[PDB]
Structure formats: structure tokens, C-alpha cells
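Student: Dumping the structure here so I can ask a few things about it.
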2 protein chains.
Amino acid sequence: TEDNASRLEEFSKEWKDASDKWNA
Amino acid sequence: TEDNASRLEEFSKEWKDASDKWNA
């Protein structure tokens, strides 16, 4: 569970970067 | 674990919105 949570906390940065890129 | 699951259930809506936007 904690490993999966760490994976998602890592992936959220990538998703935020993608959303910021696509907002422009 | 339950807080992380709630976070992912919230984020899935945003990902679905992004996929729907990019399908057009």
C-alpha cells in the first residue's frame, strides 16, 4: 500500500506537468 | 490507504476530462 502511494505521489507530478503544458 | 484511494478517485475524474477533451 505504501509503495503504491509513493508511486502515485511520483506520478502526480508528471500529470501536473502534463496539465500545465496542455493549459497553454 | 483510504485517503490515497479517495485522492485517486478524485484524480480519475480529471484524467477522464482530459481524455475526453483530447479525443476531439
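Residue names in the C-alpha cells use chain letters A, B, ... in the order shown, residue numbers from 1 in each chain, and ligand numbers from 1 in the order shown.
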Which polymer residues have any atom within 12 Å of an atom of residue 16 of chain A, counting only C-alpha atoms, with same-chain residues fewer than 5 positions away left out, as a list in words?
Tutor: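 Final neighbour list, sorted by chain and number: residues 8, 9, 10, 11, 21, 22 and 23 of chain A; 11, 14, 15 and 18 of chain B.
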Student: Write a file of the just-selected residues containing C-alpha atoms, as a CSV table (one decimal), in the first residue's frame.
Tutor:
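Okay, out_17.csv is ready:
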```
chain,number,residue,atom,x,y,z
A,8,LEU,CA,1.1,7.8,-7.2
A,9,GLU,CA,2.8,10.7,-5.4
A,10,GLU,CA,5.5,10.4,-8.0
A,11,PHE,CA,3.1,10.1,-10.9
A,21,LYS,CA,1.9,22.0,-20.6
A,22,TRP,CA,-1.5,21.5,-22.1
A,23,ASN,CA,-3.1,24.6,-20.5
B,11,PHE,CA,-8.0,12.5,-9.8
B,14,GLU,CA,-9.7,15.0,-14.0
B,15,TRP,CA,-7.9,12.3,-16.1
B,18,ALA,CA,-8.5,15.4,-20.1
```
Student: Take chain A, lay it over chain B with a least-squares fit on all the Cα atoms in order, then hand it over as a PDB file with N, CA and C atoms, in the first residue's frame.
Tutor:
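Saved file part-v9.pdb follows:
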```
ATOM      1  N   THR A   1      -4.183   4.668   3.496  1.00  0.00           N
ATOM      2  CA  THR A   1      -4.628   3.942   2.309  1.00  0.00           C
ATOM      3  C   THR A   1      -5.952   4.486   1.786  1.00  0.00           C
ATOM      4  N   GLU A   2      -6.921   4.701   2.679  1.00  0.00           N
ATOM      5  CA  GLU A   2      -8.222   5.198   2.241  1.00  0.00           C
ATOM      6  C   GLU A   2      -8.129   6.638   1.748  1.00  0.00           C
ATOM      7  N   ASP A   3      -7.279   7.452   2.379  1.00  0.00           N
ATOM      8  CA  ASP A   3      -7.073   8.815   1.901  1.00  0.00           C
ATOM      9  C   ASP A   3      -6.462   8.818   0.505  1.00  0.00           C
ATOM     10  N   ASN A   4      -5.479   7.946   0.268  1.00  0.00           N
ATOM     11  CA  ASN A   4      -4.896   7.837  -1.064  1.00  0.00           C
ATOM     12  C   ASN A   4      -5.932   7.368  -2.077  1.00  0.00           C
ATOM     13  N   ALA A   5      -6.769   6.401  -1.693  1.00  0.00           N
ATOM     14  CA  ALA A   5      -7.815   5.927  -2.595  1.00  0.00           C
ATOM     15  C   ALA A   5      -8.788   7.044  -2.947  1.00  0.00           C
ATOM     16  N   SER A   6      -9.157   7.868  -1.963  1.00  0.00           N
ATOM     17  CA  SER A   6     -10.010   9.018  -2.240  1.00  0.00           C
ATOM     18  C   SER A   6      -9.320  10.003  -3.177  1.00  0.00           C
ATOM     19  N   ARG A   7      -8.020  10.231  -2.968  1.00  0.00           N
ATOM     20  CA  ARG A   7      -7.266  11.108  -3.859  1.00  0.00           C
ATOM     21  C   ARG A   7      -7.311  10.601  -5.294  1.00  0.00           C
ATOM     22  N   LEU A   8      -7.142   9.292  -5.479  1.00  0.00           N
ATOM     23  CA  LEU A   8      -7.139   8.734  -6.829  1.00  0.00           C
ATOM     24  C   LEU A   8      -8.532   8.756  -7.444  1.00  0.00           C
ATOM     25  N   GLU A   9      -9.568   8.522  -6.637  1.00  0.00           N
ATOM     26  CA  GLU A   9     -10.929   8.630  -7.154  1.00  0.00           C
ATOM     27  C   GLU A   9     -11.253  10.060  -7.564  1.00  0.00           C
ATOM     28  N   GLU A  10     -10.666  11.047  -6.885  1.00  0.00           N
ATOM     29  CA  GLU A  10     -10.830  12.433  -7.316  1.00  0.00           C
ATOM     30  C   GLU A  10     -10.048  12.711  -8.596  1.00  0.00           C
ATOM     31  N   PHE A  11      -8.816  12.205  -8.683  1.00  0.00           N
ATOM     32  CA  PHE A  11      -7.963  12.497  -9.833  1.00  0.00           C
ATOM     33  C   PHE A  11      -8.441  11.789 -11.097  1.00  0.00           C
ATOM     34  N   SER A  12      -9.129  10.654 -10.948  1.00  0.00           N
ATOM     35  CA  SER A  12      -9.616   9.928 -12.115  1.00  0.00           C
ATOM     36  C   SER A  12     -10.620  10.753 -12.905  1.00  0.00           C
ATOM     37  N   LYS A  13     -11.419  11.577 -12.223  1.00  0.00           N
ATOM     38  CA  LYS A  13     -12.336  12.465 -12.928  1.00  0.00           C
ATOM     39  C   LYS A  13     -11.577  13.467 -13.790  1.00  0.00           C
ATOM     40  N   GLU A  14     -10.497  14.039 -13.252  1.00  0.00           N
ATOM     41  CA  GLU A  14      -9.686  14.971 -14.029  1.00  0.00           C
ATOM     42  C   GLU A  14      -9.046  14.278 -15.226  1.00  0.00           C
ATOM     43  N   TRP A  15      -8.541  13.059 -15.027  1.00  0.00           N
ATOM     44  CA  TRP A  15      -7.931  12.339 -16.144  1.00  0.00           C
ATOM     45  C   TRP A  15      -8.964  11.993 -17.211  1.00  0.00           C
ATOM     46  N   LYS A  16     -10.174  11.609 -16.795  1.00  0.00           N
ATOM     47  CA  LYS A  16     -11.236  11.339 -17.758  1.00  0.00           C
ATOM     48  C   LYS A  16     -11.619  12.599 -18.522  1.00  0.00           C
ATOM     49  N   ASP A  17     -11.678  13.740 -17.830  1.00  0.00           N
ATOM     50  CA  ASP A  17     -11.960  15.000 -18.509  1.00  0.00           C
ATOM     51  C   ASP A  17     -10.879  15.328 -19.530  1.00  0.00           C
ATOM     52  N   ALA A  18      -9.611  15.123 -19.164  1.00  0.00           N
ATOM     53  CA  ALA A  18      -8.520  15.379 -20.099  1.00  0.00           C
ATOM     54  C   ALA A  18      -8.604  14.462 -21.313  1.00  0.00           C
ATOM     55  N   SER A  19      -8.892  13.177 -21.090  1.00  0.00           N
ATOM     56  CA  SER A  19      -9.002  12.238 -22.203  1.00  0.00           C
ATOM     57  C   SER A  19     -10.169  12.596 -23.115  1.00  0.00           C
ATOM     58  N   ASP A  20     -11.305  12.989 -22.532  1.00  0.00           N
ATOM     59  CA  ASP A  20     -12.450  13.393 -23.340  1.00  0.00           C
ATOM     60  C   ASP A  20     -12.143  14.651 -24.141  1.00  0.00           C
ATOM     61  N   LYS A  21     -11.437  15.607 -23.532  1.00  0.00           N
ATOM     62  CA  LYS A  21     -11.046  16.814 -24.253  1.00  0.00           C
ATOM     63  C   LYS A  21     -10.115  16.486 -25.413  1.00  0.00           C
ATOM     64  N   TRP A  22      -9.153  15.592 -25.188  1.00  0.00           N
ATOM     65  CA  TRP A  22      -8.166  15.272 -26.211  1.00  0.00           C
ATOM     66  C   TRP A  22      -8.680  14.296 -27.261  1.00  0.00           C
ATOM     67  N   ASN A  23      -9.806  13.625 -27.012  1.00  0.00           N
ATOM     68  CA  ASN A  23     -10.386  12.759 -28.031  1.00  0.00           C
ATOM     69  C   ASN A  23     -10.943  13.548 -29.209  1.00  0.00           C
ATOM     70  N   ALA A  24     -11.232  14.831 -29.022  1.00  0.00           N
ATOM     71  CA  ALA A  24     -11.743  15.670 -30.099  1.00  0.00           C
ATOM     72  C   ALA A  24     -10.641  16.560 -30.662  1.00  0.00           C
TER      73      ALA A  24
END
```
